[PDB]
$ cat start.tsv   # TSV, C-alpha atoms
chain	number	residue	atom	x	y	z
A	4	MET	CA	0.00	0.00	0.00
A	5	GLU	CA	3.19	2.15	-0.08
A	6	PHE	CA	2.31	3.67	-3.48
A	7	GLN	CA	-0.21	6.04	-1.84
A	8	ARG	CA	2.61	7.77	0.07
A	9	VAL	CA	4.73	8.41	-3.06
A	10	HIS	CA	1.71	9.62	-5.12
A	11	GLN	CA	0.44	11.91	-2.34
A	12	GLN	CA	4.05	13.23	-2.25
A	13	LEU	CA	4.37	14.31	-5.93
A	14	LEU	CA	0.77	15.55	-6.19
A	15	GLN	CA	0.92	17.67	-3.05
A	16	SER	CA	3.49	19.99	-4.68
A	17	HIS	CA	1.11	20.96	-7.47
A	18	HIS	CA	-1.17	24.01	-6.90
A	19	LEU	CA	-4.40	22.07	-7.76
A	20	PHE	CA	-3.91	19.55	-4.95
A	21	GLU	CA	-1.76	21.61	-2.54
A	22	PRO	CA	-4.57	23.22	-0.46
A	23	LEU	CA	-6.10	19.74	0.00
A	24	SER	CA	-5.55	17.94	3.30
A	25	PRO	CA	-3.79	14.53	3.24
A	26	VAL	CA	-7.25	12.96	3.80
A	27	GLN	CA	-8.86	14.75	0.81
A	28	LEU	CA	-5.89	13.93	-1.44
A	29	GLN	CA	-6.10	10.22	-0.55
A	30	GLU	CA	-9.83	10.22	-1.43
A	31	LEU	CA	-9.12	11.90	-4.80
A	32	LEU	CA	-6.41	9.34	-5.65
A	33	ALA	CA	-8.76	6.53	-4.58
A	34	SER	CA	-11.25	7.49	-7.34
A	35	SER	CA	-8.59	8.17	-10.00
A	36	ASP	CA	-7.61	5.87	-12.90
A	37	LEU	CA	-4.07	5.14	-14.02
A	38	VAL	CA	-3.75	5.77	-17.76
A	39	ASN	CA	-1.04	4.36	-19.96
A	40	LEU	CA	-0.36	5.69	-23.49
A	41	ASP	CA	1.83	4.99	-26.47
A	42	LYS	CA	3.23	7.80	-28.62
A	43	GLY	CA	0.44	9.00	-30.87
A	44	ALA	CA	-2.35	7.71	-28.59
A	45	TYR	CA	-5.22	9.99	-27.54
A	46	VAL	CA	-5.82	11.08	-23.94
A	47	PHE	CA	-9.21	12.44	-25.11
A	48	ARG	CA	-10.72	13.63	-28.41
A	49	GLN	CA	-12.50	16.91	-29.13
A	50	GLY	CA	-16.29	16.44	-28.80
A	51	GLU	CA	-16.11	13.61	-26.31
A	52	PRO	CA	-17.90	14.05	-22.96
A	53	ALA	CA	-15.58	15.96	-20.64
A	54	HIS	CA	-15.77	14.25	-17.23
A	55	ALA	CA	-12.11	14.21	-16.13
A	56	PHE	CA	-8.86	16.15	-15.97
A	57	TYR	CA	-5.33	14.72	-16.00
A	58	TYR	CA	-2.05	14.82	-14.13
A	59	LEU	CA	0.88	13.88	-16.38
A	60	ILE	CA	3.16	11.58	-14.36
A	61	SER	CA	5.66	10.96	-17.18
A	62	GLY	CA	5.82	11.85	-20.84
A	63	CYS	CA	4.43	14.76	-22.89
A	64	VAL	CA	0.94	15.62	-24.28
A	65	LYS	CA	-0.03	18.11	-27.01
A	66	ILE	CA	-3.45	19.81	-27.07
A	67	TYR	CA	-5.03	21.07	-30.34
A	68	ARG	CA	-8.26	21.61	-32.30
A	69	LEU	CA	-8.50	20.19	-35.82
A	70	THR	CA	-9.99	22.58	-38.32
A	71	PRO	CA	-12.60	21.86	-41.09
A	72	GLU	CA	-9.71	21.80	-43.59
A	73	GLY	CA	-7.70	19.21	-41.65
A	74	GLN	CA	-5.07	21.39	-39.86
A	75	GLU	CA	-4.20	21.49	-36.13
A	76	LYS	CA	-4.59	24.69	-34.13
A	77	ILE	CA	-2.33	24.11	-31.09
A	78	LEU	CA	-3.45	25.16	-27.57
A	79	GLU	CA	-0.56	23.88	-25.44
A	80	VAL	CA	2.18	21.31	-25.00
A	81	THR	CA	2.09	19.84	-21.46
A	82	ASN	CA	5.29	18.65	-19.72
A	83	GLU	CA	5.48	15.95	-17.03
A	84	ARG	CA	4.34	16.79	-13.46
A	85	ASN	CA	1.69	19.20	-14.84
A	86	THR	CA	-2.09	19.03	-15.15
A	87	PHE	CA	-4.31	19.69	-18.10
A	88	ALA	CA	-8.04	19.94	-18.87
A	89	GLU	CA	-8.94	21.22	-15.35
A	90	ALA	CA	-10.53	24.29	-16.95
A	91	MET	CA	-13.26	22.00	-18.31
A	92	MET	CA	-14.98	21.84	-14.91
A	93	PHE	CA	-15.63	25.60	-15.01
A	94	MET	CA	-16.92	25.86	-18.55
A	95	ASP	CA	-20.63	25.54	-19.24
A	96	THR	CA	-19.82	23.00	-21.94
A	97	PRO	CA	-20.48	19.22	-21.94
A	98	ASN	CA	-17.64	18.09	-24.28
A	99	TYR	CA	-13.86	18.48	-24.61
A	100	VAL	CA	-13.28	21.50	-26.87
A	101	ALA	CA	-9.87	20.11	-28.05
A	102	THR	CA	-7.95	16.79	-28.48
A	103	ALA	CA	-5.00	15.77	-26.28
A	104	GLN	CA	-2.46	13.37	-27.80
A	105	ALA	CA	0.67	11.83	-26.33
A	106	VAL	CA	3.76	12.82	-28.30
A	107	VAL	CA	5.91	10.16	-26.43
A	108	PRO	CA	4.98	7.09	-24.27
A	109	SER	CA	3.20	8.70	-21.32
A	110	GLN	CA	1.54	7.82	-18.03
A	111	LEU	CA	-1.25	9.78	-16.35
A	112	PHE	CA	-3.67	9.99	-13.46
A	113	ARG	CA	-7.23	10.65	-14.68
A	114	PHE	CA	-9.19	12.50	-12.00
A	115	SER	CA	-12.99	12.75	-12.08
A	116	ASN	CA	-14.37	16.29	-12.32
A	117	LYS	CA	-17.12	15.15	-9.96
A	118	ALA	CA	-14.71	13.81	-7.28
A	119	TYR	CA	-12.48	16.89	-7.37
A	120	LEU	CA	-15.50	19.19	-7.03
A	121	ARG	CA	-16.66	17.10	-4.08
A	122	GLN	CA	-13.41	17.98	-2.21
A	123	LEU	CA	-13.83	21.58	-3.24
A	124	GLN	CA	-17.22	21.72	-1.52
A	125	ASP	CA	-15.35	21.41	1.80
A	126	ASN	CA	-12.14	23.29	1.07
A	127	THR	CA	-12.72	27.08	1.14
A	128	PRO	CA	-9.00	27.86	0.54
A	129	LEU	CA	-9.09	25.73	-2.64
A	130	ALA	CA	-12.36	27.32	-3.80
A	131	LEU	CA	-10.82	30.79	-3.30
A	132	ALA	CA	-7.64	29.81	-5.15
A	133	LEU	CA	-9.65	28.60	-8.20
A	134	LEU	CA	-11.71	31.76	-7.94
A	135	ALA	CA	-8.44	33.76	-8.23
A	136	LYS	CA	-7.35	31.64	-11.24
A	137	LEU	CA	-10.70	31.90	-13.04
A	138	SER	CA	-10.62	35.62	-12.33
A	139	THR	CA	-7.18	36.19	-13.96
A	140	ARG	CA	-8.37	34.14	-16.97
A	141	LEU	CA	-11.41	36.44	-17.18
A	142	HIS	CA	-9.49	39.72	-16.86
A	143	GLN	CA	-7.44	39.15	-19.98
A	144	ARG	CA	-11.01	39.89	-21.05
A	145	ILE	CA	-10.65	43.56	-19.96
A	146	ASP	CA	-10.63	45.20	-23.41
A	147	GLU	CA	-14.22	44.29	-24.20
A	148	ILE	CA	-15.42	44.41	-20.58
A	149	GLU	CA	-19.22	44.27	-20.97
A	150	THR	CA	-20.37	44.36	-17.31
A	151	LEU	CA	-19.19	45.02	-13.76
A	152	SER	CA	-21.81	42.72	-12.22
A	153	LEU	CA	-21.79	38.92	-11.74
B	1	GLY	CA	-26.51	49.52	17.22
B	2	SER	CA	-27.02	46.79	19.86
B	3	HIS	CA	-30.62	46.98	18.70
B	4	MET	CA	-28.64	46.38	15.49
B	5	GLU	CA	-31.05	48.70	13.78
B	6	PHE	CA	-29.28	48.34	10.43
B	7	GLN	CA	-29.28	44.49	9.96
B	8	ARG	CA	-32.70	43.97	11.50
B	9	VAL	CA	-34.14	46.63	9.19
B	10	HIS	CA	-32.50	45.43	5.94
B	11	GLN	CA	-31.74	41.66	6.30
B	12	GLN	CA	-35.05	40.46	4.78
B	13	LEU	CA	-34.38	42.51	1.60
B	14	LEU	CA	-30.70	41.52	1.21
B	15	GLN	CA	-31.31	37.87	1.97
B	16	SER	CA	-33.43	37.87	-1.16
B	17	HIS	CA	-30.29	38.46	-3.28
B	18	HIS	CA	-27.79	35.63	-4.08
B	19	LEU	CA	-24.69	37.61	-2.98
B	20	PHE	CA	-25.93	37.90	0.65
B	21	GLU	CA	-28.36	34.99	1.15
B	22	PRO	CA	-25.52	32.43	1.82
B	23	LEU	CA	-23.98	34.64	4.55
B	24	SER	CA	-24.43	33.44	8.11
B	25	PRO	CA	-25.94	35.83	10.79
B	26	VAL	CA	-22.48	36.91	11.94
B	27	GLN	CA	-21.07	37.29	8.38
B	28	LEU	CA	-23.98	39.55	7.38
B	29	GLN	CA	-23.52	41.48	10.65
B	30	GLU	CA	-19.79	42.05	9.90
B	31	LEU	CA	-20.53	43.03	6.27
B	32	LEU	CA	-23.20	45.52	7.30
B	33	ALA	CA	-21.16	47.12	10.08
B	34	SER	CA	-19.22	48.60	7.17
B	35	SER	CA	-22.29	49.29	4.97
B	36	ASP	CA	-24.40	52.38	4.36
B	37	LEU	CA	-27.66	53.44	2.69
B	38	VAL	CA	-27.12	56.31	0.23
B	39	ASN	CA	-29.71	58.61	-1.38
B	40	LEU	CA	-28.57	60.13	-4.72
B	41	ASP	CA	-30.11	63.01	-6.62
B	42	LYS	CA	-31.01	62.73	-10.30
B	43	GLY	CA	-27.77	62.72	-12.21
B	44	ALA	CA	-25.28	62.36	-9.37
B	45	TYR	CA	-22.44	59.85	-9.60
B	46	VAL	CA	-22.26	56.64	-7.56
B	47	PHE	CA	-18.66	56.36	-8.81
B	48	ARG	CA	-16.66	57.29	-11.85
B	49	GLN	CA	-14.64	55.42	-14.48
B	50	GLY	CA	-11.04	55.35	-13.27
B	51	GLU	CA	-11.88	55.93	-9.57
B	52	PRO	CA	-10.52	53.52	-6.87
B	53	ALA	CA	-12.77	50.44	-6.33
B	54	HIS	CA	-13.55	49.95	-2.67
B	55	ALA	CA	-17.31	49.48	-2.67
B	56	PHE	CA	-20.08	47.66	-4.51
B	57	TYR	CA	-23.76	48.52	-4.53
B	58	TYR	CA	-27.33	47.26	-4.43
B	59	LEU	CA	-29.89	49.44	-6.16
B	60	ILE	CA	-32.98	49.62	-3.91
B	61	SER	CA	-35.17	52.21	-5.73
B	62	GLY	CA	-34.47	54.39	-8.74
B	63	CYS	CA	-32.24	53.88	-11.72
B	64	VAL	CA	-28.53	53.65	-12.37
B	65	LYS	CA	-26.93	53.78	-15.87
B	66	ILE	CA	-23.49	52.14	-16.35
B	67	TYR	CA	-21.33	52.95	-19.33
B	68	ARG	CA	-17.71	53.24	-20.53
B	69	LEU	CA	-15.81	56.00	-22.38
B	70	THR	CA	-14.48	56.05	-26.01
B	71	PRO	CA	-11.00	56.31	-27.78
B	77	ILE	CA	-22.90	51.51	-23.26
B	78	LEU	CA	-23.15	48.75	-20.65
B	79	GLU	CA	-26.30	48.13	-18.53
B	80	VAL	CA	-29.27	49.92	-16.96
B	81	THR	CA	-29.27	48.54	-13.42
B	82	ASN	CA	-32.73	47.25	-12.60
B	83	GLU	CA	-34.02	47.90	-9.11
B	84	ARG	CA	-33.20	44.98	-6.75
B	85	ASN	CA	-29.87	44.28	-8.44
B	86	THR	CA	-26.21	44.74	-7.46
B	87	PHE	CA	-23.51	46.45	-9.44
B	88	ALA	CA	-19.75	46.79	-9.38
B	89	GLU	CA	-19.34	43.47	-7.52
B	90	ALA	CA	-17.23	42.31	-10.49
B	91	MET	CA	-14.45	44.71	-9.35
B	92	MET	CA	-13.58	42.31	-6.49
B	93	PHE	CA	-12.67	39.58	-9.03
B	94	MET	CA	-10.44	41.48	-11.45
B	95	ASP	CA	-6.84	42.53	-10.82
B	96	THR	CA	-7.22	46.29	-11.42
B	97	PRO	CA	-7.78	48.20	-8.13
B	98	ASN	CA	-9.68	51.10	-9.78
B	99	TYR	CA	-13.21	51.20	-11.30
B	100	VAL	CA	-13.39	50.38	-15.03
B	101	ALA	CA	-16.68	52.33	-15.74
B	102	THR	CA	-19.06	55.13	-14.52
B	103	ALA	CA	-22.33	54.67	-12.67
B	104	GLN	CA	-24.68	57.69	-12.54
B	105	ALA	CA	-28.15	57.90	-11.05
B	106	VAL	CA	-30.63	59.02	-13.73
B	107	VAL	CA	-33.45	59.61	-11.27
B	108	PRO	CA	-33.46	60.06	-7.49
B	109	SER	CA	-32.09	56.65	-6.35
B	110	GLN	CA	-31.55	54.78	-3.13
B	111	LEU	CA	-28.68	52.23	-2.82
B	112	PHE	CA	-26.83	50.10	-0.38
B	113	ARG	CA	-23.12	50.72	-0.40
B	114	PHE	CA	-21.07	47.69	0.72
B	115	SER	CA	-17.39	47.43	1.65
B	116	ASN	CA	-15.43	45.15	-0.80
B	117	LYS	CA	-12.90	44.45	1.95
B	118	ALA	CA	-15.54	43.33	4.47
B	119	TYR	CA	-17.27	41.27	1.81
B	120	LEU	CA	-14.15	39.40	0.77
B	121	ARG	CA	-13.39	38.87	4.49
B	122	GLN	CA	-16.77	36.96	4.76
B	123	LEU	CA	-16.15	35.01	1.56
B	124	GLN	CA	-12.99	33.62	3.24
B	125	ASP	CA	-15.27	31.57	5.56
B	126	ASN	CA	-18.17	30.66	3.26
B	127	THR	CA	-17.72	27.77	0.84
B	128	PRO	CA	-21.28	27.79	-0.56
B	129	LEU	CA	-20.69	31.48	-1.53
B	130	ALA	CA	-17.23	30.73	-3.02
B	131	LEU	CA	-18.89	27.94	-5.09
B	132	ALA	CA	-21.80	30.07	-6.26
B	133	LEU	CA	-19.30	32.77	-7.39
B	134	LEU	CA	-17.29	30.09	-9.23
B	135	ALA	CA	-20.48	29.12	-11.19
B	136	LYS	CA	-21.12	32.76	-12.02
B	137	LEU	CA	-17.56	33.16	-13.35
B	138	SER	CA	-17.95	29.76	-15.14
B	139	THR	CA	-20.89	31.20	-17.17
B	140	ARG	CA	-18.69	34.19	-18.11
B	141	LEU	CA	-15.78	31.92	-19.14
B	142	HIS	CA	-18.39	30.07	-21.26
B	143	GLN	CA	-17.46	32.76	-23.74
B	144	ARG	CA	-14.15	31.89	-25.43
B	145	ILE	CA	-16.30	30.02	-28.02
B	146	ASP	CA	-13.96	29.31	-30.95
B	147	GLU	CA	-11.73	31.59	-28.83
B	148	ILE	CA	-10.47	29.09	-26.22
B	149	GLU	CA	-6.64	29.26	-26.03
B	150	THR	CA	-5.92	26.81	-23.12
B	151	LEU	CA	-7.68	24.08	-21.10
B	152	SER	CA	-5.65	24.83	-17.99
B	153	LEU	CA	-6.29	27.27	-15.16

$ encode --input "start.tsv" --output "structure tokens"
Amino acid sequence: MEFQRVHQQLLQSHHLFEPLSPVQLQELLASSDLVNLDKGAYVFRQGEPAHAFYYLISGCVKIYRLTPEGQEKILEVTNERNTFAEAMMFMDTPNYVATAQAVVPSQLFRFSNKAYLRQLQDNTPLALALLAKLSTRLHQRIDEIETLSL
Amino acid sequence: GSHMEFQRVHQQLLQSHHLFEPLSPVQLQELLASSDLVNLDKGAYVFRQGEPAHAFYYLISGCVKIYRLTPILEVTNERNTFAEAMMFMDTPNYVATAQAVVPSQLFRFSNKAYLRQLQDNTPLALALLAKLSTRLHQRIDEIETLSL
């Protein structure tokens, strides 16, 4: 059962899991899936139901939308020990808006949106942190600021 | 106070709005200790574009028009708040002008005291996250990252 110690250890450094207590982190890991991928394999495809975000244990993932004429528009390249797709929880959209593909053999933790948000419901510090993040992401929207209400 | 005139008078009204309804008795008390009721004449300014942002408002009666300047935003309906978005953007000064266009009555609330309460209120922090979520539900074909 030693593996829980080492995984708590690397995850606790990351800002998405940091404000979580040891107890909450354990519970999040308990509902996660381990995901193994070859180079070229998809983590998820654009238009698929978005129910999970990912921590990249090892490897490298590119994120892009394919256009009507076949070409990739690239969103990001994610390096190991980083998360991706967590923004999906705070979009009013059912489906992944991009595709994520491993560019080398990779290994991930897939965390449920629903399980993470369950922890959030009893972690005010974490809620406030995400509120700060969402807020910076919606202040690069301060050229066409349409309202000062919520 | 002690009678706590202010909260006992105004709590029923405020508790009908989503920004204050989740606040516990004590949290509402602490918010209100730093709140005021303001009567504005036709055409006076609640605040001006470019002015420091230390308060947000609830329009009780009357009419407030909110608009930006040029190199057109919203007519605040009675029973609605405004300027609460200033708490959740990184600029410390107001980004627009609010002017009463008839004799208006408003609540003026301290941003500092409000954010203080938010620090101990997860249901409120969640509800604000859902409100920001609907705003981020812009970036239509304009989404540039899936990270936060």

$ atom_distance --input "start.tsv" --atom1 "atom CA of residue A:19" --atom2 "atom CA of residue A:109"
20.5 Å

$ closest_residue --input "start.tsv" --among "A:42, A:136, A:121, A:65" --to "chain B" --atoms "only C-alpha atoms"
A:136

$ atom_distance --input "start.tsv" --atom1 "atom CA of residue A:84" --atom2 "atom CA of residue A:57"
10.2 Å

$ closest_residue --input "start.tsv" --among "B:36, B:147, B:125, B:30" --to "chain A" --atoms "only C-alpha atoms"
B:125

$ interface_residues --input "start.tsv" --of "chain A" --to "chain B" --cutoff "9 Å" --atoms "all atoms listed in the file" --output "ChimeraX atom specification"
/A:66,77-79,86-96,100-101,123-128,130-131,133-142,145,148-153

$ residues_around --input "start.tsv" --residues "residue A:38" --least-positions-apart "6" --cutoff "9 Å" --atoms "all atoms listed in the file" --output "number ranges by chain"
A: 46, 109-113

$ residues_around --input "start.tsv" --residues "residue A:31" --least-positions-apart "2" --cutoff "9 Å" --atoms "all atoms listed in the file" --output "number ranges by chain"
A: 26-29, 33-35, 114-115, 118-119, 122
